[PDB]
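Enquirer: For reference, the file query.txt (compact mmCIF, C-alpha atoms) is included below:
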```
# COMPACT_ATOMS: atom_id res chain seq x y z
CA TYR A 177 -146.51 109.81 -150.68
CA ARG A 178 -149.69 107.81 -151.26
CA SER A 179 -149.69 109.08 -154.84
CA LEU A 180 -145.96 108.36 -155.06
CA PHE A 181 -146.31 104.59 -154.72
CA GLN A 182 -149.50 104.70 -156.77
CA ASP A 183 -147.26 106.14 -159.48
CA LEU A 184 -144.92 103.24 -158.76
CA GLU A 185 -147.86 100.89 -159.32
CA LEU A 186 -148.17 102.34 -162.82
CA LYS A 187 -145.27 100.00 -163.59
CA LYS A 188 -145.73 97.84 -160.43
CA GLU A 189 -142.16 98.02 -159.15
CA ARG A 190 -140.93 95.66 -156.44
CA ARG A 191 -137.39 97.01 -156.24
CA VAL A 192 -136.98 100.31 -154.40
CA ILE A 193 -133.59 101.81 -153.56
CA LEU A 194 -134.05 104.58 -151.01
CA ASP A 195 -131.44 107.30 -150.63
CA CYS A 196 -132.52 109.63 -147.83
CA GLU A 197 -131.68 110.76 -144.33
CA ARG A 198 -132.63 108.22 -141.67
CA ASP A 199 -135.43 110.50 -140.45
CA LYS A 200 -136.73 110.72 -144.02
CA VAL A 201 -136.07 106.99 -144.46
CA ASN A 202 -138.26 106.21 -141.44
CA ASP A 203 -140.93 108.47 -142.95
CA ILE A 204 -140.97 106.44 -146.17
CA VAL A 205 -141.01 103.16 -144.21
CA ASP A 206 -144.11 104.37 -142.35
CA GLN A 207 -145.66 105.16 -145.73
CA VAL A 208 -144.87 101.60 -146.88
CA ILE A 209 -146.37 100.37 -143.60
CA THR A 210 -149.43 102.52 -144.30
CA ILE A 211 -149.94 100.87 -147.70
CA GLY A 212 -148.54 97.42 -146.94
CA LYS A 213 -145.75 97.13 -149.50
CA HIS A 214 -143.55 95.62 -146.78
CA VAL A 215 -145.13 92.23 -147.59
CA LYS A 216 -143.41 89.45 -149.52
CA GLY A 217 -142.67 90.31 -153.14
CA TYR A 218 -141.12 93.75 -152.64
CA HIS A 219 -137.45 94.42 -151.94
CA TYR A 220 -135.73 97.43 -150.43
CA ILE A 221 -132.17 98.77 -150.25
CA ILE A 222 -131.31 101.50 -147.75
CA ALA A 223 -128.41 103.54 -149.13
CA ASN A 224 -126.64 104.79 -146.03
CA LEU A 225 -124.08 103.55 -143.54
CA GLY A 226 -126.64 103.68 -140.73
CA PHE A 227 -128.64 100.60 -141.68
CA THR A 228 -128.72 99.53 -138.03
CA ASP A 229 -129.78 103.06 -137.05
CA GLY A 230 -133.10 102.74 -138.87
CA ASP A 231 -136.15 101.03 -137.40
CA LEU A 232 -135.98 97.45 -138.62
CA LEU A 233 -138.16 95.91 -135.89
CA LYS A 234 -141.29 97.56 -137.29
CA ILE A 235 -140.70 95.91 -140.69
CA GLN A 236 -138.75 92.81 -139.66
CA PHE A 237 -141.70 90.44 -140.12
CA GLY A 238 -143.72 92.19 -142.81
CA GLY A 239 -142.44 90.07 -145.69
CA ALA A 240 -140.23 92.24 -147.90
CA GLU A 241 -136.47 91.80 -147.82
CA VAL A 242 -134.49 94.89 -146.87
CA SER A 243 -130.79 95.27 -147.65
CA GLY A 244 -128.35 97.88 -146.44
CA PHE A 245 -124.87 98.75 -145.27
CA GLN A 246 -123.39 99.12 -141.78
CA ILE A 247 -119.87 100.54 -141.84
CA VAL A 248 -119.28 99.94 -138.11
CA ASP A 249 -119.40 96.25 -137.20
CA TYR A 250 -120.79 96.01 -133.67
CA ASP A 251 -119.35 92.51 -133.17
CA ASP A 252 -115.81 93.93 -133.17
CA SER A 253 -114.33 94.09 -129.67
CA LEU A 254 -112.72 97.43 -130.52
CA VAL A 255 -116.26 98.62 -131.22
CA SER A 256 -117.90 96.61 -128.43
CA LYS A 257 -115.67 97.95 -125.65
CA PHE A 258 -116.57 101.41 -126.90
CA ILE A 259 -120.27 100.44 -126.89
CA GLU A 260 -119.90 99.24 -123.29
CA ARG A 261 -118.41 102.66 -122.58
CA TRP A 262 -121.09 104.32 -124.74
CA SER A 263 -124.33 103.28 -123.02
CA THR A 264 -123.00 103.78 -119.48
CA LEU A 265 -122.56 107.52 -120.03
CA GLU A 266 -125.19 109.92 -118.72
CA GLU A 267 -127.79 111.34 -121.08
CA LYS A 268 -127.84 114.59 -119.08
CA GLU A 269 -124.10 114.95 -119.67
CA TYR A 270 -123.80 113.26 -123.09
CA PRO A 271 -127.14 113.31 -124.93
CA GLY A 272 -127.52 110.36 -127.26
CA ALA A 273 -124.87 108.34 -125.42
CA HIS A 274 -127.07 106.13 -123.21
CA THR A 275 -128.08 103.99 -126.20
CA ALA A 276 -127.57 100.40 -127.32
CA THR A 277 -126.14 101.46 -130.70
CA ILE A 278 -124.57 104.57 -132.19
CA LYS A 279 -124.94 106.57 -135.39
CA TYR A 280 -122.11 106.18 -137.88
CA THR A 281 -121.82 109.98 -138.02
CA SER A 282 -121.11 109.88 -134.29
CA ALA A 283 -118.72 106.96 -134.82
CA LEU A 284 -116.70 108.69 -137.55
CA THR A 285 -116.68 111.77 -135.32
CA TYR A 286 -115.08 109.62 -132.63
CA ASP A 287 -112.81 108.20 -135.34
CA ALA A 288 -111.89 111.72 -136.43
CA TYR B 177 -149.70 86.54 -132.38
CA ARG B 178 -147.19 85.98 -135.17
CA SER B 179 -147.81 82.24 -134.81
CA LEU B 180 -151.55 82.92 -134.62
CA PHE B 181 -151.84 84.24 -138.18
CA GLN B 182 -149.28 81.68 -139.33
CA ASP B 183 -151.79 79.14 -138.06
CA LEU B 184 -154.40 81.06 -140.05
CA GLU B 185 -152.17 80.65 -143.11
CA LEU B 186 -152.45 76.89 -142.63
CA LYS B 187 -155.84 77.35 -144.31
CA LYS B 188 -155.04 80.85 -145.72
CA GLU B 189 -158.09 82.66 -144.38
CA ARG B 190 -159.06 86.10 -145.67
CA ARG B 191 -162.13 86.57 -143.49
CA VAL B 192 -161.45 87.45 -139.86
CA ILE B 193 -164.20 88.44 -137.42
CA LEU B 194 -162.62 89.98 -134.33
CA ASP B 195 -164.51 90.06 -131.04
CA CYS B 196 -162.36 91.85 -128.47
CA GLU B 197 -162.10 94.99 -126.38
CA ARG B 198 -161.03 98.03 -128.39
CA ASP B 199 -157.65 98.02 -126.65
CA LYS B 200 -157.23 94.36 -127.59
CA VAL B 201 -158.67 95.11 -131.04
CA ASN B 202 -156.00 97.77 -131.61
CA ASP B 203 -153.40 95.23 -130.48
CA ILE B 204 -154.52 92.75 -133.15
CA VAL B 205 -154.62 95.51 -135.80
CA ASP B 206 -150.99 96.35 -134.99
CA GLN B 207 -150.19 92.67 -135.41
CA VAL B 208 -151.89 92.72 -138.83
CA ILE B 209 -149.90 95.89 -139.59
CA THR B 210 -146.75 94.05 -138.48
CA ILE B 211 -147.39 91.22 -140.95
CA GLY B 212 -149.19 93.16 -143.67
CA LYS B 213 -152.52 91.34 -143.86
CA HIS B 214 -154.24 94.73 -144.12
CA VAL B 215 -153.57 94.62 -147.88
CA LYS B 216 -156.19 93.90 -150.52
CA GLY B 217 -157.61 90.38 -150.37
CA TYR B 218 -158.32 90.18 -146.64
CA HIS B 219 -161.52 91.33 -144.95
CA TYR B 220 -162.23 92.23 -141.34
CA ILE B 221 -165.32 92.67 -139.17
CA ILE B 222 -165.02 94.43 -135.81
CA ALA B 223 -167.73 93.08 -133.50
CA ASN B 224 -168.44 95.98 -131.17
CA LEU B 225 -170.51 99.14 -131.13
CA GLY B 226 -167.37 101.29 -130.99
CA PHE B 227 -166.27 100.88 -134.59
CA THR B 228 -165.51 104.61 -134.78
CA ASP B 229 -163.60 104.35 -131.49
CA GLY B 230 -160.94 102.11 -133.02
CA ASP B 231 -158.00 103.41 -135.04
CA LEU B 232 -159.13 103.30 -138.65
```
Represent the structure of the file as structure tokens.
Expert:
Amino acid sequence: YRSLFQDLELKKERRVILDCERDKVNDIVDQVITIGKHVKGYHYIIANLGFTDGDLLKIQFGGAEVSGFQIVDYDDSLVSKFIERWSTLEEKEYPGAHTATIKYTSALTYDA
Amino acid sequence: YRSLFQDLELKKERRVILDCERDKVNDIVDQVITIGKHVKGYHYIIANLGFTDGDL
């Protein structure tokens, strides 16, 4: 992945549209963190519905501007009353429930 | 520490000589990683005998 962005510096691209799983997205972000392309000048677009699921705090103040899509608006009270019911659940009973946010795959599962 | 390097961008320095404990050195490195001043153009000098002890 070092040689990947070095191949991107053969044309010196600033405009990267990632389309990966959020685990693989966070891998690529850590590669960008390793080489410092999160600085001002670059721009990123995360092509999934779990834009809030990815780690934004580690690249919030690097300099590049990251765009994305969140299908589940957390400011909605229909969502927020579910979130207040979400985090209060036990991790030993419901793993992944005692969290501030939720994956969209879990949300559409609840919507299903 | 965000505002620290923003104050260093008031004169836009590329030449930082750190003199801290290696725990506090690794804190400042993670701040540089957070803001991306580890890119080409900057230069750093770690003023201790444990240069290999820090996360390079």
Enquirer: Which residue, B:180, B:186, B:208, B:192, has the smallest gap to residue 238 of chain A when you use all atoms listed in the file?
Expert: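 Using all atoms listed in the file, the shortest distance to residue 238 of chain A belongs to B:208.
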Enquirer: List as a list in words the protein and nucleic acid residues near residue 227 of chain A, meaning an atom at most 12 Å away when all atoms listed in the file are counted, but skip any in the same chain fewer than 3 places from it.
Expert: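 The filter keeps residues 194, 195, 196, 197, 198, 201, 202, 220, 221, 222, 223, 224, 230, 231, 232, 242, 243, 244, 245, 246, 247, 248, 249, 277, 278, 279 and 280 of chain A.
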Enquirer: Now that the selection is made, can you save its residues with C-alpha atoms as a short mmCIF file (atom, residue, chain, number, x, y, z; two decimals), in the coordinates of the input?
Expert:
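Now in out28.cif:
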```
data_model
loop_
_atom_site.label_atom_id
_atom_site.label_comp_id
_atom_site.auth_asym_id
_atom_site.auth_seq_id
_atom_site.Cartn_x
_atom_site.Cartn_y
_atom_site.Cartn_z
CA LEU A 194 -134.05 104.58 -151.01
CA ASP A 195 -131.44 107.30 -150.63
CA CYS A 196 -132.52 109.63 -147.83
CA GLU A 197 -131.68 110.76 -144.33
CA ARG A 198 -132.63 108.22 -141.67
CA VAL A 201 -136.07 106.99 -144.46
CA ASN A 202 -138.26 106.21 -141.44
CA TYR A 220 -135.73 97.43 -150.43
CA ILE A 221 -132.17 98.77 -150.25
CA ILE A 222 -131.31 101.50 -147.75
CA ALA A 223 -128.41 103.54 -149.13
CA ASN A 224 -126.64 104.79 -146.03
CA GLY A 230 -133.10 102.74 -138.87
CA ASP A 231 -136.15 101.03 -137.40
CA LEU A 232 -135.98 97.45 -138.62
CA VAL A 242 -134.49 94.89 -146.87
CA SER A 243 -130.79 95.27 -147.65
CA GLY A 244 -128.35 97.88 -146.44
CA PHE A 245 -124.87 98.75 -145.27
CA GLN A 246 -123.39 99.12 -141.78
CA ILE A 247 -119.87 100.54 -141.84
CA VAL A 248 -119.28 99.94 -138.11
CA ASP A 249 -119.40 96.25 -137.20
CA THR A 277 -126.14 101.46 -130.70
CA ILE A 278 -124.57 104.57 -132.19
CA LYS A 279 -124.94 106.57 -135.39
CA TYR A 280 -122.11 106.18 -137.88
#
```
Enquirer: I'd like the interatomic distance between atom CA of residue 221 of chain B and atom CA of residue 194 of chain B, to a tenth of an Å.
Expert: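 If I compute the distance from atom CA of residue 221 of chain B to atom CA of residue 194 of chain B, I get 6.2 Å.
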Enquirer: Axis-aligned box over every listed atom of segment 203-214 of chain B, padded by 6 Å per side: centre and edges in Å to one decimal, as AutoDock Vina command-line options?
Expert:
```
--center_x -150.7 --center_y 93.8 --center_z -137.3 --size_x 19.9 --size_y 17.1 --size_z 25.6
```
Enquirer: Mind dumping a table of every chain B residue within 8 Å of chain A, with the nearest atom pair and its distance in Å to one decimal, using only C-alpha atoms, sorted by chain and rising number, as a tab-separated table?
Expert:
```
residue	atom	partner	partner_atom	distance
B:209	CA	A:209	CA	7.0
B:210	CA	A:238	CA	5.6
B:211	CA	A:238	CA	4.2
B:212	CA	A:212	CA	5.4
B:213	CA	A:212	CA	7.9
B:214	CA	A:212	CA	6.9
B:215	CA	A:212	CA	5.8
```
Enquirer: In Å, how far is it from atom CA of residue 200 of chain B to atom CA of residue 184 of chain B?
Expert: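 These two atoms are separated by 18.4 Å.
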Enquirer: So which residues fall inside 12 Å of (-161.4, 105.1, -135.4) if we count all atoms listed in the file? Mind giving them as JSON, numbers by chain?
Expert: {"B": [198, 199, 201, 202, 205, 222, 225, 226, 227, 228, 229, 230, 231, 232]}
Enquirer: Give me, please, the distance in Å between atom CA of residue 241 of chain A and atom CA of residue 191 of chain A, quoted to one decimal.
Expert: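 Between atom CA of residue 241 of chain A and atom CA of residue 191 of chain A the gap works out to 9.9 Å.
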Enquirer: From the set A:205, A:199, A:288, A:218, which residue has the shortest atom-to-atom contact distance to residue 184 of chain A, counting all atoms listed in the file?
Expert: A:218
Enquirer: Which is closer to residue 217 of chain B than all the others in B:203, B:189, B:197, B:178, using all atoms listed in the file?
Expert: B:189
